[PDB]
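What follows are structure tokens for two forms of the same protein chain, given separately as structure 1 and structure 2.
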Structure 1
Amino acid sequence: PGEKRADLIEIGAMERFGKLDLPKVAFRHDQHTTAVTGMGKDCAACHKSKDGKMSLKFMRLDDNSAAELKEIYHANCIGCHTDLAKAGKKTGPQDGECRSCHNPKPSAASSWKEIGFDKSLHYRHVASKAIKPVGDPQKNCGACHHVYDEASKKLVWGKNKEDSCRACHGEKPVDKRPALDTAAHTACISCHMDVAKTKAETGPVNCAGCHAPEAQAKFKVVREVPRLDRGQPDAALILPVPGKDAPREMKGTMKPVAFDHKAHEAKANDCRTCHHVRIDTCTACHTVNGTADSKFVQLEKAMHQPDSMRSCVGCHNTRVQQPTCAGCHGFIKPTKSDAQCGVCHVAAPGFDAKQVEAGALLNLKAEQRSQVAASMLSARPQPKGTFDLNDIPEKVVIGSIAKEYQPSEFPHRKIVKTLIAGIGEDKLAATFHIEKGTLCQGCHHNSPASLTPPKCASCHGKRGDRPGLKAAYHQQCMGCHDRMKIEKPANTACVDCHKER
């Protein structure tokens, strides 16, 4: 139970040839790089090369056999350690110190953390003059990104086909695609090493350098990040693609949905958050039927899952948890209104309920789809807003059950004002608050949006499904103040809402 490291490797390559007699060998990679660095040596002390490519294996290009591995490790690990002891130098386990390498109880915990490109980190790479254009006057994407060309029989820079490495490089090597693991370590590190030789600004090479939280906290962050130009649409028409050999059950039920891609791109931290496997349509996997590709997660799940950041409702659902929205949204139950489904589910202008059943939207070119979506977006209703506050009692006197205390002097319009203020400019609120009275329903729930809401006592206090009057006031009042972090009147200060008799 020692210090947390990010450089731990469990050496157990021999286990694929059969059962190990001894524990796997814990190796601290960074502790070794710095020792070897200070010996005046480098990577080539432990990693061989082939055609320029450095091997990530220790002193070999292949694992040829169990006996060859053990020879390679014993000769080379111990050889160095032996030499260093011969000079009076800080060294590692010797010859006869079996258990010190084959250690069932290494005293070192893991601080290892995964690493990924931010909006910012991606741009630091794109904007780097040390990463020179390839296959274009300007663009340096081809220095890092590729696609297999079928016709080439080669990797090529596929213009506008860039994706996260995670799209193609997964947990294990599939076919000729190395694992994420291997791809990263091959591509990232070796470029960093190439650039460090030019003495320009570069990326990390030590394990901690990429994988330690403290190291990651230190990465220079750029905030002025332009749009990533991959030829993404500005507006998308998302369609109920039924699926190949999907039955009639699986045809489109709801109106289609124009999606503001441009807007959402600037509000997200990357593309991955949504395109979690692949940059493509969602419907390439999430048909209305569901595909193997998607583990049979259906279209509706992909778009409405209340607790996924991936889905429209799910991601929007974590937005309404911010203290600013939570006062109302921690209280109200969703209507699941036809009207509310209609915020996203919109009629497509040119083609009407007869060209649709037969595929008129489903066989549009992507450009055509952008126009039809562009058209839906710029034709949605204008953000309705609320009533004029002066049509609202400035102060309300909650007294109907006054007994142990005086009637409450509840600053109605003040509070409404502040709520609107706290929201201000938020595009979800502005769009999805579809009525002039929607905001009112934040407290005036289970009732049509209007200027003249019924009293609470028209439903509370007199079937045990709802609180009595006292409880309903206390729960609504105190609950919002909790959710919004309003210390203003404390829940504990009985007099601050209603004075003593």
Structure 2
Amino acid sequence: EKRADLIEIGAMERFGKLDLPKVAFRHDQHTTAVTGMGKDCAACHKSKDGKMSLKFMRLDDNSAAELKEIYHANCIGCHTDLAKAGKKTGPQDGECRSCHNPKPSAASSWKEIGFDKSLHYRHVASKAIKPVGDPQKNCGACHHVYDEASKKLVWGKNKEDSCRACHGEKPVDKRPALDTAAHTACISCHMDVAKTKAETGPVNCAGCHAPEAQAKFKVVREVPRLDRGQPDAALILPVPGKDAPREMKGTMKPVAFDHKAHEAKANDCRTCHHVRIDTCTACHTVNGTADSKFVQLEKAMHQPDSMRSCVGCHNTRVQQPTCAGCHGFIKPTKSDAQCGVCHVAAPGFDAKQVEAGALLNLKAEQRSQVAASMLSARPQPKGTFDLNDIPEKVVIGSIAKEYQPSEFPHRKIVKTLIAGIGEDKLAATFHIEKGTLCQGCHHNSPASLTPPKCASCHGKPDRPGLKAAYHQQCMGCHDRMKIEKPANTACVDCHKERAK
């Protein structure tokens, strides 16, 4: 009952109220049958100048009357001819309700489809897609901008973007809507390559929009960089923008951004460039603009719950079990030091000149030099204290009573925690002190080789008592890290039975 190929035909509703229900149409069911009878798309779609219309048996919608005749004459005509041939067929001319069906045809499994970097690269890498306007580059086969001089579309070198950047839910001006744009360009090419029997893309509705079909697409794990002329190192500045006089100026040190490293770890460009490839400050000025619906630069970069912001995406990262043990327990400090991981001094510039705009009109190559400098000048990772310098096992028995004191495997766990982190660079860079990792459990005191006892703040005598403090911390981390043994229900694996 789940289908991804449903079309609810309701085109004449634009001309006025419909007398009868819209007509449900299974496109994949129809192309399969048409193929089997030796026909193709041309059975139902006309073309004009080598471009196939996506409309049924027409190039324009001229009137309600004309449209009704096109549907009835052509839809029913085929059904009738198949009937007298004694073949499987659809509703006959007199079965009004069988097409004009008030009850839904099937359920919809339809899913949107898009290019992650793997799929985009599988297209870039295809021999079947030939270079355009270049000895090697493939880009012009798919990407365009409108050239006002020639009054036509041309490949705009290094101005390639997702189709969504210029094609919307509805056709604005002579830019078609996204669905028309994609259905036209994508499927047309797929059908051409299919003729050469070189590997190609889907033509069936289900082939693109069915979750089952999507799961089957070959994925490439190591995907080459998609180079469109973007910086390796970006310099993000508190851009005020022309509007709002006086306008807000920045108050922090500037931020250098390793754009190249982030590409390698992200799954596309759009994740961050959510409207179009450009700066962020084009819309998210310090004060915000109408074009950002007044979302300010600060929000764009710090929004804790958005995948688009520095802090937000990093926040999803720390929800990994290897991180979540500590990160589901600790509270951010918002200390100057932590802010300083991103906001750093620029070489040769003072604070007064940066939030004066001294950097705003520098050439891309020059700001890259400045940014790369800021990136390389960041101190080397201090790592963690030598684990041999902390107790290997601590006895937790301050409140022993019903059980024996816990013999806590202190050093072994810390070692596992560092192992679990591995070469994660987000962990390496933001864990700025030798004892930062220690604070994942020893919270609310400075990073140190010698943190105070929990009892110094808990249940001695807001805050939990000492037993609650232990249980919540121990059991909590194990749940978040998916630690199987010990089980939280195993009441003796952390503190052995009284006597017995």
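Residues that one form lacks are left out of the comparison. Reference numbering: structure 1, starting with residue 1. In this text, the rigid core denotes the largest set of C-alpha atoms whose superposition between the two forms falls within 1.5 Å.
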Core fitted between structure 1 and structure 2: which of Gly135, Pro334, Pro173, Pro247 shows a C-alpha shift of 2 angstroms or more? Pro247
Align both forms on the core first, then report whether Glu425 has a C-alpha shift of 2 Å or more between structure 1 and structure 2. no
Answer yes if the Cα of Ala87 shifts by 2 angstroms or more between structure 1 and structure 2 on a rigid-core superposition, and no otherwise. no
Taking the rigid core as reference, does the Cα of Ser152 move 2 Å or more between structure 1 and structure 2? yes
Taking the rigid core as reference, the Cα of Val356 travels between structure 1 and structure 2 a distance in Å of 2.2
Core-superposed CA shift of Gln322 between structure 1 and structure 2, in Å, is 0.3
In Å, how large is the C-alpha displacement of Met39 between structure 1 and structure 2 after the rigid core is aligned? 1.1
With the two forms aligned on the rigid core, where do runs of 3 or more residues move by 2 angstroms or more at the CA atoms between structure 1 and structure 2? 150-152, 222-224, 246-249, 353-358
